[PDB]
């Protein structure tokens, strides 16, 4: 049950960014808490991490998810979420649950961060809760896949 975790642009440079917005945490410490989260709450979910500063690498990655190994995607397209209609399109072609995560609250920053093309493609969006946002996405995700296979087989024997 692979859960793809895609981080947008400058998310790797967390730590050099404003300590007033992203505090003092690295894209790794947050990746490991998602671990200590699925590690703690025994959830047979093997999650993979992928981060790029390319709009293209993200789209490709999304596209490789149509395989099977992957059953869901937690993504923070970052700054590309307000401009990338291409990533938004990719998020629609994937036949899997995609949850958008934003460390900061995009409603409370520059006017050009209020809108999310990508987030409007995903099923749900989370923003504002710092690194804690991905764990929330993890909860939500496991609860969705669960409730989707319970509807899938529920309408198989009928």
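We call the rigid core whatever largest set of C-alpha positions still superposes within 1.5 Å between the two forms. Numbering follows the first chain given and starts at 1.
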item	value
Larger mean CA deviation from the shown form in 7 other deposited structures of this protein [core fit; 61 to 69 vs 86 to 94]	61 to 69
Of 146 to 154 and 14 to 22, the stretch whose C-alpha atoms average the higher B-factor in the entry	146 to 154
Mean temperature factor over C-alpha atoms, higher-scoring stretch between 112 to 120 and 129 to 137	129 to 137
Top residue by Cα temperature factor, when 52, 107, 63, 42 are compared in the entry	42
Highest-ranked of 89, 57, 32, 100 once sorted by CA temperature factor in the record	32
